[PDB]
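Enquirer: One structure is given below, represented as structure tokens, and several questions about it will come after.
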Amino acid sequence: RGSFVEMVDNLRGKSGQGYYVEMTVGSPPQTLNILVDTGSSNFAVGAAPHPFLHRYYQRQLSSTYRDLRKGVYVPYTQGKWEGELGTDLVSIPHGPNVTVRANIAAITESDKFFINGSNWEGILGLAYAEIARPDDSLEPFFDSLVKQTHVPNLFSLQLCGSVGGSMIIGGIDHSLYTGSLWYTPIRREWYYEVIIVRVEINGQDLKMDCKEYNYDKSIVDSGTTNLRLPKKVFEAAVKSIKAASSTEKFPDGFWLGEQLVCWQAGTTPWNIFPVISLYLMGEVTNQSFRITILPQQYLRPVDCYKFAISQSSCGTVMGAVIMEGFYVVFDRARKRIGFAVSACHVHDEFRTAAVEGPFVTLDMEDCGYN
Ligand SMILES: COc1cccc(OC)c1CN1CCC(NC(=O)CCCS)CC1
């Protein structure tokens, strides 16, 4: 409790391609690299020789595999993945020293799911059963882990922007953050849903209705790269970012993500870009705290940079942009999410990412969409 040296630096990845952990499935253990995703609830792995894959789940080689005789089809905006459901012995080599029987979706057909040149072969859905496919009766991995072992109902993520990080399963590592942890309530157990109560652009309020910041929902999602903002909020935020950075010239398609902006090595103007503070609902009535991100977080290197704030039709998504500045504690036991300044985040001598509180905010319940 507090250390967990085995789990430090157990995450790897490429910028914009997500963070993956090493896992084993079946017996004898079949090693796979698995994308860590707090925005979904299915443990799904490649099970067929797709050309993009380094390796895949071979059920015939596993003596402990049990077929569920059920299929799962998961469509989305770009493509899909389809798989066959079963259960097997699942373990995390650089995690807790345990082995559990968990549900595995063996992917047999996919479109625009696997990435050409990537080093991961599956996805670990760490969200709740409510958004699991085909339905809520299929138990997610972490629910199975807690139920079958003495591992506490908690995990934390330190994502550092080759890219790396740490997933601490069953606890918190105090070396991975500086200062204090600040907790925001999980509004509902489906996605990791939170409530944003105020937004500042360089210490300046957007003066919008706080219900707009959570239009539909607001979520913490390690599977999304960008900081996704509601259309009305995005429009207001970019306008304030445009005005704050008027010293340098940028094309119109850049803010929409249709074009990149490039600068000479070491000549990237950070100071011209504003900081972004998100005020989150606190644990106490009328009490809030704020998390502040640097341009280092929302300007993602592709020195060519992409604008990593995008308009969304599904609510606020606090992706890797937000998460890379902070140590994030998914305290499932107490239905809350902790934020603290990451010990590994990208910062300069001028400005640093911050978690500050407490603040006074009234009518925070009105910010949640119904
Ligand atoms: C199965 O989905 C895919 C498909 C291709 C790549 C991929 O890995 C980045 C995933 C995994 N992951 C699922 C959950 C998704 N998150 C959301 O639905 C919230 C945003 C809407 S407001 C993010 C993507």
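Residue numbering in chain A adheres to Swiss-Prot, whereby the residues present occupy positions 57-217, 230-370, 379-446 in order.
Method of determination (from the header): X-ray crystallography, 2.3 Å.
Cβ atoms here come from the backbone N, Cα and C positions, even for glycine.
Below are the features I grabbed from Swiss-Prot:
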{"type": "ACT_SITE", "residues": "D93", "note": "active site"}
{"type": "MOD_RES", "residues": "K126", "note": "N6-acetyllysine"}
{"type": "CARBOHYD", "residues": "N153", "note": "N-linked glycosylation site"}
{"type": "CARBOHYD", "residues": "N172", "note": "N-linked glycosylation site"}
{"type": "DISULFID", "residues": "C216-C420", "note": "disulfide bond"}
{"type": "MOD_RES", "residues": "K275", "note": "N6-acetyllysine"}
{"type": "DISULFID", "residues": "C278-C443", "note": "disulfide bond"}
{"type": "MOD_RES", "residues": "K279", "note": "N6-acetyllysine"}
{"type": "MOD_RES", "residues": "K285", "note": "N6-acetyllysine"}
{"type": "ACT_SITE", "residues": "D289", "note": "active site"}
{"type": "MOD_RES", "residues": "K299", "note": "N6-acetyllysine"}
{"type": "MOD_RES", "residues": "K300", "note": "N6-acetyllysine"}
{"type": "MOD_RES", "residues": "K307", "note": "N6-acetyllysine"}
{"type": "DISULFID", "residues": "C330-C380", "note": "disulfide bond"}
{"type": "CARBOHYD", "residues": "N354", "note": "N-linked glycosylation site"}
Enquirer: Around ligand 1, within a Cβ distance of under 6 Å, which of the recorded positions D93, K126, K299, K300 show up?
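Expert: Close enough to ligand 1 are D93.
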Enquirer: Can you tell which of the modified residues (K275, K279, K285, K299, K300) has the fewest other C-beta atoms within 10 angstroms of its C-beta?
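Expert: Across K275, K279, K285, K299, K300, these modified residues, the one with fewest Cβ atoms within 10 Å is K275.
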Enquirer: Rank aside, I only need the closest one: which of the recorded positions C216, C278, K299, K307 has its C-alpha nearest to that of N172 (N-linked glycosylation site)?
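Expert: When the Cα distances are compared, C216 comes out closest.
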Enquirer: Quick one: 12 residues missing from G217 to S230, so how many Å between their CAs?
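Expert: Roughly 9 Å, rounded to a whole number, separates the two Cα atoms.
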Enquirer: Across the 8-residue break in this deposited model, measure the distance from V370 to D379 using their CA atoms, rounded to a whole number of Å.
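Expert: Here the Cα-Cα span across the missing residues works out to 8 Å.
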Enquirer: Write down the Cα-Cα distance for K299 (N6-acetyllysine) and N153 (N-linked glycosylation site), rounded and given in Å.
Expert: 44
Enquirer: Return the residue, from the listed disulfide-bonded residues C278, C420, with the maximum count of other C-beta atoms within 10 angstroms of its C-beta.
Expert: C278
Enquirer: What are the sequence-distant neighbours of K307 (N6-acetyllysine), meaning same chain, six or more residues apart, C-beta distance under 8 angstroms?
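Expert: Non-local contacts for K307 (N6-acetyllysine): none found.
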Enquirer: Please determine which of the disulfide-bonded residues listed here (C216, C330, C443) has the lowest count of neighbouring CB atoms within 10 Å.
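Expert: If we count Cβ atoms within 10 Å for the disulfide-bonded residues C216, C330, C443, the smallest count is at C330.
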Enquirer: What whole-number Å value do you get for the CA-CA distance of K299 (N6-acetyllysine) and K285 (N6-acetyllysine)?
Expert: 13
Enquirer: Among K279, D289, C330, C420, these being the recorded positions, pick the one whose CA is nearest to that of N354 (N-linked glycosylation site).
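Expert: Ranked by Cα distance from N354 (N-linked glycosylation site), first place goes to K279.
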Enquirer: What number of additional C-beta atoms lies within 10 angstroms of the C-beta atom of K126 (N6-acetyllysine)?
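Expert: The Cβ of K126 (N6-acetyllysine) has 13 Cβ neighbours within 10 Å.
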